[PDB]
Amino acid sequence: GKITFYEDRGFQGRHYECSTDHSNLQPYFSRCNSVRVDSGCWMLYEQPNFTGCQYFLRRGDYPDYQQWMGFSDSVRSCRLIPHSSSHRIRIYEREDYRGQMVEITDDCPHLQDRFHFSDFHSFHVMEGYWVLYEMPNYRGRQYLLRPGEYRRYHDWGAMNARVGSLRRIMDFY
């Protein structure tokens, strides 16, 4: 993977080329108003140590932070997401894997409209990397889900339970 951060919009200003996870990008730039993703799938984080708001980016040009649904020009840590050949997640109605459940291996642009139940409070990521979104059609707050267990919203870094859609992380072409 290769990503380049720019302090000003339109790919201007101080820039930093990156090919690895970073817990602290502050030594290299103080703001990020545009990004070029040469390759790979990336999760950017507003704050150091993979905290704060999260944003999913993949190959392509992002001339303004709004293009990655940024809440501001803050980017202070990043993960390069590794390759997934398969994706599998269990979605549960209540916290701690209780209530109704469905197991999917594809994307879901509208949780509410698609299943046999209407509330979504815990997740077990069996295979692959996913982005969980606050709103339908992959909008709003974004949260990376890695393989493993999410018993309640705090486990995925949300300040509340609001969710709307789910996307597998796969690259483009």
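Residue numbers run from 1 along the displayed sequence.
- Between 39-47 and 119-127, it is 119-127 that carries the larger average Cα temperature factor according to the deposited entry.
- The PDB entry records a higher mean C-alpha B factor for 107-115 than for its counterpart among 130-138 and 107-115.
- Sort the chain's modelled residues by C-alpha temperature factor and residue 19 lands in the middle third, per the entry.
- Per-chain ranking of the deposited C-alpha B factor places residue 7 in the lowest third.
- The PDB entry assigns residue 52 a C-alpha temperature factor belonging to the lowest third of its chain's modelled residues.
- Per the PDB record, residue ranking by Cα B-factor puts residue 58 in the middle third of the chain.
- When all modelled residues of the chain are sorted by CA temperature factor, residue 76 is found within the lowest third.
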